Amino acid sequence: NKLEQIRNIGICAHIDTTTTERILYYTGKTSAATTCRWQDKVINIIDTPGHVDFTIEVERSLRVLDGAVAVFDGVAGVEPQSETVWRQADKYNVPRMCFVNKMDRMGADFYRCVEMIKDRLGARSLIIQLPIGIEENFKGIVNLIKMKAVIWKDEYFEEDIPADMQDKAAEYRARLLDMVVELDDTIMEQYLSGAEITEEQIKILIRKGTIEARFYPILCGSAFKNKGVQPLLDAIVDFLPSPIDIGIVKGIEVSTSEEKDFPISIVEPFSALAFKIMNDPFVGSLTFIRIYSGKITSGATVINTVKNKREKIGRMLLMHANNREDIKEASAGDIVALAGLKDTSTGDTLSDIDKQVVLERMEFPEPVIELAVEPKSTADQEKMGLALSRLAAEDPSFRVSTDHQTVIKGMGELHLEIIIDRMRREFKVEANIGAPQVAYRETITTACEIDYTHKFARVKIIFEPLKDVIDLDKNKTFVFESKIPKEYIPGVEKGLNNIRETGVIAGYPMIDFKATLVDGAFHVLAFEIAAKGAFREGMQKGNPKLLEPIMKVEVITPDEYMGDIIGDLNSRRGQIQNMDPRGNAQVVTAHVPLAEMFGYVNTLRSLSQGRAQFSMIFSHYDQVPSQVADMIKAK
């Protein structure tokens, strides 16, 4: 089966020639993904670096790849940057191997680095290699599976383990076997009875253990001096999962909103996730997708289930080390680039029309952070619009609005920082940005009726906080209903919708309420004036209250910092929801008001020596305390 021959991988390395360069040279004899071959497998190397700190992109990278190679600086050991990615991989139980690099550099200490992998990361390490020679003398590795040394001259060759290392080699051989036979009772009895265990036997258990994330095979080498890359390639093919081994992709069936495990299979309907959009001067914008089921041929019609818009498959490309290949068909397991797509963003799902699925749940929360923009001069206004809209399509969680001064709206600081930067740099737009503003909201607490007359039209309307209504069939923030004296019912809606943006307390939009038009009168046209007065006066009678965005904060930290981290979260009016041990770390889940989260990236770093990490998504609105409610009515 073609599907079992695939290896979808990331190479996670803190940029030191690099390991990935050596990988790419050996298969032949810049891209979001590169496809190459080793032994009898097709390897798809996902470029894991990106924003590198955005969080969303890192998790999306981890769902596209199926296994990972974690590369550790042989001289530095385990570094904060590598810990934090390793923790994210723990989240998804990504099958992983460790490659201890730079074994030729001054101070390179394989065994110190293995100790940090075991200690700092709490990873169960399966050492299948030992280094031969220290620093400048590093010459190769002892393969503990074959019990043989592999040496590189300056050509290479496999020989008996060097004499002065037979003690270490034979001791690690055992430690390996004790780890490996824990996954089977029969071979366990075979190893206990004294019989020799075959290499093929050992490779199978190592593979099972690696795929189930029971342990992590450790390898070493030197990409600089070009030593150890071939065995790493062999271990990638031998031990990292195929998409068959993953078995399922998680998602939602669109018609039912039911979450589901979708089987990875070519005979099931087509589905794919776009993970990077890359601009190319020769072929235009490329959308890289990982296909999880079904097939697409050029000319097929699929549907973008996040945008709910059809797309047509035109050009399809495979990226190799130094050439692109036009292909006319792609199928489950493949990673390919599509050209000329109309409106598809990273994170979007492309699906069969007959069965629509979404693979990355994409609730589009109302923006929490708002920024005022003024173009530098009257000229750039043309560039100031085309650029901000070209980016609001590539990213739907960003919005731009205008008051009949333009305003941009995002979901967090770093999110807006990246946009403003691409705005001035990539698009040569010159403008001036104001200071951020929290997107406060307003609601009513109690039901309130009001008969309002303008002169001459008169409406009589009941306002109700949705939490108390006795109806429904959907879930909108503002609900309209008219149990009516007039055929002008459309006129009341327009007025009510236009003015709720301007709330009664302090100018913020009113949300979470029904408005029931009951009875009226007439004598002209344009009832919006009266419906506005009803709202403007009525809503003061429903005990209106200011609302602030509350964020779901998820902090992954090593236990020693959690006391400080939790105390700081509570100083931000945060409320801890849960703690779960993951390895030797803790996952803290909290609700914190966005207003108290500015600069948390840098605070968390200084509180955890760089070893903690966090993610933040909009949770809900709730009422603001008295002290801040006065702080908001200040302006």
Side-chain angles (χ1 to χ4, degrees), residues 13 19 22 69-78 96-105 107-117 119-121 123-133 135 137-138 140-147 149-152 155-177 179-182 191 196-203 205-207 209-210 214-224 226-240:
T19 304
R22 291 308 198 190
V69 171
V71 174
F72 295 95
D73 190 308
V75 169
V78 181
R96 268 162 286 163
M97 301 174 324
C98 308
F99 182 59
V100 182
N101 202 348
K102 303 165 70 197
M103 283 307 305
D104 61 323
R105 294 213 180 279
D109 192 329
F110 176 74
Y111 298 97
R112 181 184 131 281
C113 186
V114 167
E115 225 58 34
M116 281 168 104
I117 292 172
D119 185 290
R120 183 132 305 204
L121 306 189
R124 187 170 188 247
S125 310
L126 184 78
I127 298 128
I128 69 163
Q129 281 191 354
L130 296 174
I132 289 162
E135 284 174 25
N137 291 336
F138 174 82
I141 61 102
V142 168
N143 178 336
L144 296 164
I145 296 175
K146 287 184 209 184
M147 289 305 291
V150 185
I151 315 286
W152 280 266
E155 308 183 18
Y156 76 112
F157 55 86
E158 185 187 302
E159 75 184 13
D160 238 40
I161 289 159
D164 63 4
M165 288 186 172
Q166 259 136 21
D167 286 334
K168 280 205 187 170
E171 174 189 317
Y172 279 80
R173 172 73 175 192
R175 192 190 311 245
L176 187 160
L177 275 132
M179 234 160 255
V180 143
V181 296
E182 291 203 359
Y191 185 53
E196 129 223 80
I197 304 306
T198 317
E199 296 184 4
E200 282 79 359
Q201 300 180 310
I202 297 187
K203 282 188 172 286
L205 303 161
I206 297 184
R207 184 181 176 83
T210 301
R214 310 242 156 102
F215 47 57
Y216 312 99
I218 313 304
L219 289 84
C220 70
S222 171
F224 181 42
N226 201 346
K227 290 168 191 154
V229 179
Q230 297 99 316
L232 175 60
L233 280 175
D234 290 335
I236 284 171
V237 155
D238 287 334
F239 303 136
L240 287 183

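Count residues from 1 along the sequence. Scope of the values below: all heavy atoms of this structure, side chains included, with no hydrogens, waters or symmetry mates.
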Side-chain touch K168/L130, heavy atoms, less than 4.5 angstrom: yes

Considering only heavy atoms from C-beta outward, does the side chain of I197 approach that of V180 to under 4.5 Å? no

Just wondering, do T210 and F215 contact through their side chains at under 4.5 Å, heavy atoms? yes

Looking at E171 and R175, is there a salt bridge between them, counting it only when a charged N and a carboxylate O are closer than 4.0 Å? yes

Would you call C113 and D73 a side-chain contact if the rule is heavy atoms closer than 4.5 Å? no

Any side-chain heavy atom of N143 within less than 4.5 Å of one from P231? no

Does any non-hydrogen side-chain atom of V150 lie less than 4.5 Å from one of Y156? yes

With the side chain counted from C-beta on, respond yes when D119 and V78 share a heavy-atom pair under 4.5 Å apart, and no when they do not. no

If you measure from the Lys or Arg side-chain nitrogens to the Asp or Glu carboxylate oxygens, is any gap between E182 and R214 under 4.0 Å? no

Mind listing the closest non-hydrogen atom pair of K203 and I145 along with its distance? CG-CG2, 4.3 Å

Which residue, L144, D167, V142, forms the side-chain contact (heavy atoms from CB on, under 4.5 Å) with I161? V142

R207 side chain reached by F239 side chain, heavy atoms, under 4.5 Å: yes

